[PDB]
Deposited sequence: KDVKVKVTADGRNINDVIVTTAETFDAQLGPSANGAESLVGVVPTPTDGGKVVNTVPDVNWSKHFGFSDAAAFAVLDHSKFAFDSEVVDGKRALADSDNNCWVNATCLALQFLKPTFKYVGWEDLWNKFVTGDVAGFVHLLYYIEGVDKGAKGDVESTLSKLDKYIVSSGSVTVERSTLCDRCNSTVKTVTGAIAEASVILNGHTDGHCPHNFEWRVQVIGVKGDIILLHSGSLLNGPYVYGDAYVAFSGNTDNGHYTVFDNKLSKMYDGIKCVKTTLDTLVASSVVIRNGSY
C-alpha cells in the first residue's frame, strides 16, 4: 500500500526487476571478510571464490557505478557490510548460493552498470594484399580481448593469409576478459590478474602477491594462468 513503487527500484538499480531484488533479505550472503593489504577479501566458503575474485578485481579497477543503488551497496561492501553487493552479484549472474560462478561472465554483465573508464584498441592484421587489416577500439570499464602479449592468430582470409589479433593500445582504466582458450603468458601488462590456482585467485602484479580467499601468498605471475587483467591508466 505504501511501499517504494517498483519503478523507483528500477531507477535506483538500473534493471527492470530490481524491486524483486530489493525485497529479498541479503543476510545469507554476509560472508566473513578481512582487509588484506588495503582491500576487502572474502573468506573462502560455499564455493564463493568467484565472488571474491570479482570483488577484488573491481577494487583494483576502482569503478564508479552509474546507478545509486549499485554505488550504495558497493560503498557498503568496501566498508565491510558485504551482503547486499554479494547477493547482487549472485542475482545478476544467476548462480545458486553454494555453486561456482564464472568471473569473466560476471564482470561482463557489470559493464553496463559502470561508468566507462578506459578503452582498448585491437588490431586484426593480415599480410594479404587483397584484404585490409582492421582496427577496433572498445570503450567501457570491462571489455573482451586476448590477454596474450604478442596476440594470437584468428583464422585465415579466403586467400589463405593468417589473421592476427593483438591489443595495440589501452587508455584509461579497464578490465580485459580473455577471449579464447586459457594459455600461459606473457600477458598484456596490468596491475592485477584474475587467475586459476583448482579455483579462482587474484594476483597483485605490483606486490607480486596472490589473494586466495583471505590468505595471501608471495608468488610470481609466471606460475599462473590468467583469465582477465585489470589495467590502470594505460
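Review point. Which runs of the deposited chain sequence never show up in the coordinates?
Key: Coordinates drop out over 1 to 52, 250 to 254, 292 to 293.
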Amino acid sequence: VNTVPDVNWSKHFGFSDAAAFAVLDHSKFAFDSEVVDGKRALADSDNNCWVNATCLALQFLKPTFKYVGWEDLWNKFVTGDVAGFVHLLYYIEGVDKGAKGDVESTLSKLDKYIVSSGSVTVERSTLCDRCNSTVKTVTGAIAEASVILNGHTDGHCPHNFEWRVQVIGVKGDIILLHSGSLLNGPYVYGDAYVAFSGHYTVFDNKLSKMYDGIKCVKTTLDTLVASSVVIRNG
From here on, numbers count along this sequence of modelled residues.
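**Study point:** Between 198 to 206 and 57 to 65 (mean CA B-factor, as deposited), the higher
**Key:** The deposited B-factors put 198 to 206 ahead on the C-alpha mean.
Exercise for review: Would you determine, from the values in the PDB entry, which of 184 to 192 and 171 to 179 has the greater average C-alpha temperature factor?
Suggested key: Comparing 171 to 179 with 184 to 192, the higher average CA B-factor belongs to 184 to 192.
Point to revise | Out of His87, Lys136, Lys109, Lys100, residue topping the C-alpha B-factor column of the entry | key: So the option with the highest C-alpha B-factor is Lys100.
Point to revise | Identity of residue with top Cα B-factor, from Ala83, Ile148, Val120, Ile142 | key: In this record, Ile148 carries the highest C-alpha B-factor of the candidates.
Point to revise | Among modelled residues of the same chain, the CA temperature factor third for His152 | key: Within its chain, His152 is a highest-third residue by C-alpha B-factor, going by the deposited values.
Point to revise | Third of the chain, ranked by Cα B-factor, where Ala30 sits | key: Middle third, going by the recorded CA B-factors of the chain.
Review point. Going by what the PDB entry lists, where does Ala19 fall on CA B-factor within its chain: lowest, middle or highest third?
Key: Answer is lowest: the recorded C-alpha B-factor places it there.
Exercise for review: Comparing against every modelled residue in the chain, figure out the third that the C-alpha B-factor of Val78 lands in (lowest, middle or highest).
Suggested key: For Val78, the deposited C-alpha B-factor lands in the highest third.
Point to revise | Position of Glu104 among the chain's modelled residues by C-alpha B-factor, lowest, middle or highest third | key: For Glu104, the deposited C-alpha B-factor lands in the lowest third.
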